[PDB]
4 protein chains.
Amino acid sequence: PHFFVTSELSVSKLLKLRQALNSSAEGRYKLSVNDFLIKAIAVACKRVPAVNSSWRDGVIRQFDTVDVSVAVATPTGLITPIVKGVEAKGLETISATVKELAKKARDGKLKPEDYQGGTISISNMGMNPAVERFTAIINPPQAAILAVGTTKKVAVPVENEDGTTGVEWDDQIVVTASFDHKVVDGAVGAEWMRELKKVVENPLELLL
Amino acid sequence: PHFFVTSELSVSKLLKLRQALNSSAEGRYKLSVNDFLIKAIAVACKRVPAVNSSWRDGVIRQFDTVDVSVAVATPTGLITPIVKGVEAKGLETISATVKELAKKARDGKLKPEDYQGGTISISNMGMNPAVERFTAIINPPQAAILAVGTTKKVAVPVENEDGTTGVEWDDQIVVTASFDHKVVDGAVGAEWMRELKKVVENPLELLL
Amino acid sequence: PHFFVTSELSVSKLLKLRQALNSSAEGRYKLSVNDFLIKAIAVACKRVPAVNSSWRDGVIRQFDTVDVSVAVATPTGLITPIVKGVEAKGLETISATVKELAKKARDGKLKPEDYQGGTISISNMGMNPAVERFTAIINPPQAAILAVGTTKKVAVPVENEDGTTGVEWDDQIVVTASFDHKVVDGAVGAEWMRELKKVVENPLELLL
Amino acid sequence: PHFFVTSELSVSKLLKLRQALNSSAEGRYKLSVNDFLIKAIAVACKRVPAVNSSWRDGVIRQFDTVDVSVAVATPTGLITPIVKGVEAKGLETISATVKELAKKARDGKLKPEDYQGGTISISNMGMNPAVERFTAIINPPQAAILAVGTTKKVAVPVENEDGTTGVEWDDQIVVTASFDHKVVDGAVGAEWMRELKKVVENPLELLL
């Protein structure tokens, strides 16, 4: 039994900072927004340990550390590469590890210890238009799986009192979050979502 | 097998009237928007009796009266206090009964006859940001369960021919409605949703 | 196990062309937007054959041709009239066949070979307000079922550099797409959705 | 035999970000500039492992992880509390751990496993005026010890072509760095200093 948590999330600050940091990238790495998202979900899963947990048969094993089983679509299908100790990783570690693992998934294979649904399962379709949102199924060894739709620029009130509400156009992804609903719950799921959104909206705390 | 009915709903009129009525509140009560929503879902469940029904084993028992099993999140978990005969109640009856029952759920306990999923199950996360919408699971003794996301102020065309479409910013909650799909159906579910939205949008008919 | 693909879709071009073509209608037919949508989903199911397939017990039978089991709500319930070889049909064939079949469903009956969930199951609530989106359940003999919410006019950036982003108000339906998830997958489902959206957004390719 | 590496370092960006983050502090923590410096020296000691090393009798043991033996002046004398795995810590972990450890040093005692000169010895007199710089002695179990003078606001060319060089006043600490000179060397010491200065000057990379 799965419940869905749907949460928009602006990115313009994080897009700006990724731009400035991929400028700061010397060709040394490619920072995808997803790398910051991976470190941010690491931050939030440390923040909310219920997400970085797993449905054990009798109990729910909660994982102190967080890794991410990012899911990469592959010609084979869906490979879920596991990026380990993200919260203690770097983020170019996230960068290379994500691109390396997706490479080894589509190009070669990953060894089976790469597909653990580790404490959190992430499927990202931010790059995929026509899905501003979409829903997946939680892994049985998961606690909750997160899916991200595509980025949209939308009308937003602009504080400016000259154009009082005004029309100000924000980039943002509204995401869905499928939850196994017994290992994790709607309140904690939404709160983890808000942790994620907070840390993402300003990379300044994601710096930390 | 559950189907989901997703329905935005403006509130600005009802927010205005709640403000004016909580001004009219002499400290005698606190009218939450949810109290008006409870009376409004009572109105709509009398309007659409399929919602205020229950999946009996062989049949679907349809309930003439409507009560609401509002669901209150509790330190224990989810308590679903039952507010009885809402359609014939007052609304400060709704006010106090909802706050009293949530109190006795989080603070003490409610006696078990308070958790009946009575004819309608309501979970409200209007107060909870980062969930503009979310989906729940229908109670087996329910017919359909309703979930409300948070309120959002959004760009809206303003009729004014000077700013022709213009940008006019409306508060509204888009809600999801999980339906057991055999006791209740998509057409009747959506129509009950529209009944609810109609009665809510203007409290003038909710007065009645 | 079903996954949901949610996709907005503007219509203003197709609304314009339907208007011009129902002007071009001499009373000879009534072209509902849904007729163009039926030819467009035929186009996309030829484009994406995974959708116009069926869950066989052992395998997934993929259907070269596409028909549509459009679903018509009936006083009996949901009749799913089958419109055959849509991709090779006309569109006034679509027009009359859809209206004729809905007629025979609500008025009389359709003979049972009209309810096959043929290669694609379509439920349309574009005409139904208060459901900008909604989700259904895939037919077992289906591969994926599509549901369309209602049309909404929304704030949209207008390119004009005078009103730089400006506020420009577009009609569009955001649709959900419930997928059986083993006969069909999220990537192919979303891509079929984008095929559909592309062909719909400009009827010029839907002409073909 | 010790050599000294002297390096100014602007702070205004990091002062701004600490201000904004101690505004972001909800009373939850106090972020001293030294906490960011501790995470930054962790970053640089991972960056330059020669600093987070120790003079073993025959060899130099280089430490993969970095901790910091921050030194706190105490009524007893100099307590060198050890903050462990800083590079994998948080920074409010740094915040509380530094203030807690200094507290337990001046107020109570730290248990002896708190004074290890762990991989790096830091003495900070940024808070101490009249020492814009000062030099210390490397711990024998250290590889290099770092000392920071006080912050000074100084005349700086301002790019502005109106006031062409102009006079623009920057806050900065010039630091000394005493090095045991056989476990570590002038080139690597200065380069570690530049790593430190780079990561500090913009907390954006210190975010990571």
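Residues numbered from 1 in each chain as written, not as in the entry; some residues may be left out. Chains lettered and ligands numbered in written order. Part of a larger assembly, values for the part shown. Heavy atoms only, no water.

In the PDB archive, cryo-EM is given as the structure determination method for this entry, at a resolution of 6.9 Å.

Draft legend 1. How the structure looks around the overall build of chain A. The secondary structure content of chain A amounts to five helices and ten strands. With the C-alpha coordinates aligned to their principal axes, the bounding extent of chain A is approximately 60 × 40 × 35 Å. Residue burial in chain A is summarised as follows: out of 208 residues, 58% are buried. Of the contacts made within chain A by residues no fewer than 6 positions apart, 61% connect residues no fewer than 24 positions apart. On chain A, the mean spot of the 25 positive side-chain charges and the mean spot of the 25 negative ones are 6 Å from each other. (Helix = DSSP H or I, 4+ residues; strand = E, 2+ residues; numbered from the N terminus. Buried < 20%, exposed > 50% of the residue type's maximum accessible area, 1.4 Å probe, protein only. Contact = heavy atoms within 4.5 Å. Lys, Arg positive; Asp, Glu negative; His and termini not counted. Charge placed at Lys NZ, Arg CZ, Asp CG, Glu CD.)

Draft legend 2. Structural detail: the pattern of salt bridges. Counted under the stated rule, the structure contains 36 salt bridges over all chains. Across the pair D114 of chain A and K104 of chain A runs a salt bridge, and its minimum N-O distance is 3.8 Å. Of this pair, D114 of chain A sits in the loop between α3 (92-106) and β7 (121-124) while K104 of chain A sits in helix α3, placing them ten residues apart in sequence. Take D114 of chain A and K104 of chain A: they sit in the same class, and that class is buried. One salt bridge in this structure joins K182 of chain D and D180 of chain D, with 3.4 Å as the shortest N-O distance. The buried category is assigned to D180 of chain D, whose relative accessible area is 12%. (Salt bridge = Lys/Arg side-chain N within 4 Å of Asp/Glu carboxyl O.)

Draft legend 3. The arrangement of the pairing of strand β10 (residues 168-179) of chain A in detail. All names here are of chain A. Among the twelve residues in β10, eleven count as buried, and that is most of the element. As defined by bridge partners, strand β1 (residues 3-6) adjoins β10 across two bridges and the pair is classed as antiparallel. In the sheet register, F4 faces β10, and the bridge partner there is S178. As paired strands, strand β9 (residues 144-156) and β10 are joined by eleven bridges and run antiparallel to one another. Following the sheet pairing, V154 is matched in β10 by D170. (Pairing = 2+ DSSP bridges.)

Draft legend 4. Looking closely at the interface of chain B and chain A. Tallying the contact residues gives 15 residues for chain B and 22 residues for chain A. Around 1400 Å² of area is buried between chain B and chain A when both sides are counted, 60% of it from carbon and sulfur atoms. The tally of links between chain B and chain A comes to zero salt bridges. The tally of links between chain B and chain A comes to six residue pairs in polar contact. For the side of chain B that touches chain A, the element with the most residues is strand β8 (residues 133-135) of chain B, which contributes three residues. Per-class residue counts for the side of chain B that touches chain A are ten nonpolar, three polar and two charged. Pairing analysis gives three bridges linking β1 of chain A to β8 of chain B, with the strands arranged antiparallel. (Buried area = accessible area lost by both parts, 1.4 Å probe. Polar contact = N/O pair within 3.5 Å; in protein donor to acceptor, adjacent residues only side chain to side chain. Nonpolar A, V, L, I, M, F, W, Y, C, P; charged D, E, K, R; others polar.)

Draft legend 5. Fine view of the relation of the copies chain C and chain B. Superposition of chain C onto chain B requires a rotation of 120 degrees combined with a translation of 0.0 Å along the rotation axis, giving an RMSD of 0.0 Å. Classification of the inter-copy transformation places it as that of a three-fold axis. In terms of proximity to the rotation axis, the leading residue of chain C is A155 of chain C, whose C-alpha is 3.6 Å off the axis. (Least-squares fit on C-alpha atoms.)

Draft legend 6. Looking closely at the nonpolar core. In this structure, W192 of chain A together with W192 of chain D are the most contacted members of the largest nonpolar core, which totals 115 residues. Here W192 of chain D is in contact with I41, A44, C45, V48, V51, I120, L146 and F179 of chain D, once residues within four sequence places are set aside. (Core = buried A, V, L, I, M, F, W, Y, C linked by side-chain atoms within 4.5 Å.)

Draft legend 7. Region of the structure containing the interface of chain C and chain B. Taken together, the contacts link 15 residues of chain C with 21 residues of chain B. Taking both sides of the interface into account, the surface hidden between chain C and chain B amounts to around 1400 Å²; carbon and sulfur atoms contribute 60%. In terms of surface lost to chain B, no three residues of chain C exceed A130, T135 and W169 of chain C, which account for 35% of the buried area on that side. In this assembly, chain C and chain B are joined by zero salt bridges. Taken together, chain C and chain B are joined by six residue pairs in polar contact. Counting residues per element, the side of chain C that touches chain B draws most heavily on strand β8 (residues 133-135) of chain C, which supplies three residues.

Draft legend 8. Examining the packing of aromatic side chains more closely. A full pass over the atoms with the stated rule returns seven aromatic pairs over all chains. An angle of 75 degrees between the planes, with centres 6.4 Å apart, marks the rings of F4 of chain B and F4 of chain C as edge-to-face. Here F4 of chain B, found in strand β1 (residues 3-6), pairs with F4 of chain C, found in strand β1 (residues 3-6), and the two come from separate chains. Grouping residues by exposure puts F4 of chain B and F4 of chain C together as buried. Relative to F179 of chain C, the ring of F3 of chain C lies with its centre 5.0 Å away and its plane at 40 degrees, an arrangement referred to as tilted. Of this pair, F3 of chain C sits in strand β1 while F179 of chain C sits in strand β10 (residues 168-179); the two residues are 176 residues apart in sequence, bridging distant segments of the chain. For the pair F3 of chain C and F179 of chain C, one class covers both residues: buried. Grouping aromatic residues by their ring pairs yields a cluster made of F4 of chain A, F4 of chain B together with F4 of chain C. (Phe/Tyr/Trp six-rings, centres within 6.5 Å; stacked < 30°, edge-to-face > 60°.)

Draft legend 9. Examining the packing of helix α1 (residues 12-24) of chain B against helix α2 (residues 33-47) of chain B more closely. All names here are of chain B. The interhelical angle for the contact between α1 and α2, taken along N-to-C directions, is 115 degrees, at an axis separation of 10 Å. Between α1 and α2, the angle falls in the class roughly perpendicular. Classified by chirality, the crossing of α2 by α1 is right-handed. Between α1 and α2, the residues in contact are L14, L15, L17, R18 and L21 and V33, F36 and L37, respectively. (Axes fitted to C-alpha atoms, helices over the stretch in contact; angles between N-to-C directions. Parallel < 35°, antiparallel > 145°, perpendicular 65-115°, else oblique. Left-handed = near helix turned anticlockwise from the far one by under 90°.)

Draft legend 10. A look at the pairing of strand β7 (residues 121-124) of chain C. All names here are of chain C. Here β7 shows a buried face lined by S121 and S123 and a second buried face lined by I122 and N124. Pairing between strand β4 (residues 68-73) and β7: three bridges, direction parallel. Following the sheet pairing, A71 is matched in β7 by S123. Sheet analysis places β7 next to strand β9 (residues 144-156), joined by four bridges and oriented parallel. Residue pairing across strands places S123 opposite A147, the latter belonging to β9.

Draft legend 11. Fine view of the environment of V70 of chain A. All names here are of chain A. Relative to the helices and strands, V70 resides in strand β4 (residues 68-73). Using a relative accessible area of 15% as the deciding quantity, one classes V70 as buried. It is 7.9 Å that separates the C-alpha atoms of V70 and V98, two residues lying 28 residues apart in sequence. Beyond its immediate stretch of four places on either side in the chain, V70 contacts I38, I79, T80, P81 and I122.

Draft legend 12. Layout of helix α4 (residues 186-201) of chain D. Residue and element names in this part refer to chain D. For α4, spanning 16 residues, the distance from its first C-alpha to its last is 22 Å, which sits close to the expected 22 Å at 1.5 Å a residue. For α4, the complete set of buried residues consists of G189, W192, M193, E195, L196, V199, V200 and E201. If you follow the buried residues of α4, they end up packed against α1 (12-24), α2 (33-47), β8 (144-156), β9 (168-179) and α5 (203-206). (Expected span 1.5 Å × (residues − 1).)

Draft legend 13. Representation of helix α4 (residues 186-201) of chain C within the structure. Taken together, the buried positions of α4 of chain C are occupied by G189, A190, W192, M193, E195, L196, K197, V199, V200 and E201 of chain C. Buried residues along α4 of chain C sit against β1, α1 (12-24), α2 (33-47), β9, β10 and α5 (203-206) of chain C.

Draft legend 14. Structural context of unusual backbone geometry. All names here are of chain A. Look at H181: it is not a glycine, yet its phi comes out positive at around 75 degrees. Take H181: it is sitting in the loop between β10 and α4 (186-201). Its relative accessible area of 33% is what places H181 among the partly exposed residues.

Draft legend 15. How the structure looks around the UniProt feature "binding site: CoA" in chain A. Residue and element names in this part refer to chain A. Taking the UniProt record as the reference, the feature "binding site: CoA" is found at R18, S32, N34, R106, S123 and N124. Spanning 107 residues, the annotated positions stay apart in the fold, the maximum distance between their C-alpha atoms being 25.3 Å. Relative to the helices and strands, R18 is located in helix α1 (residues 12-24). Note on placement: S123 falls in strand β7. A relative accessible area of 11% means that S123 is categorised as buried. (UniProt positions renumbered as here; feature names shortened; annotations may be inferred.)

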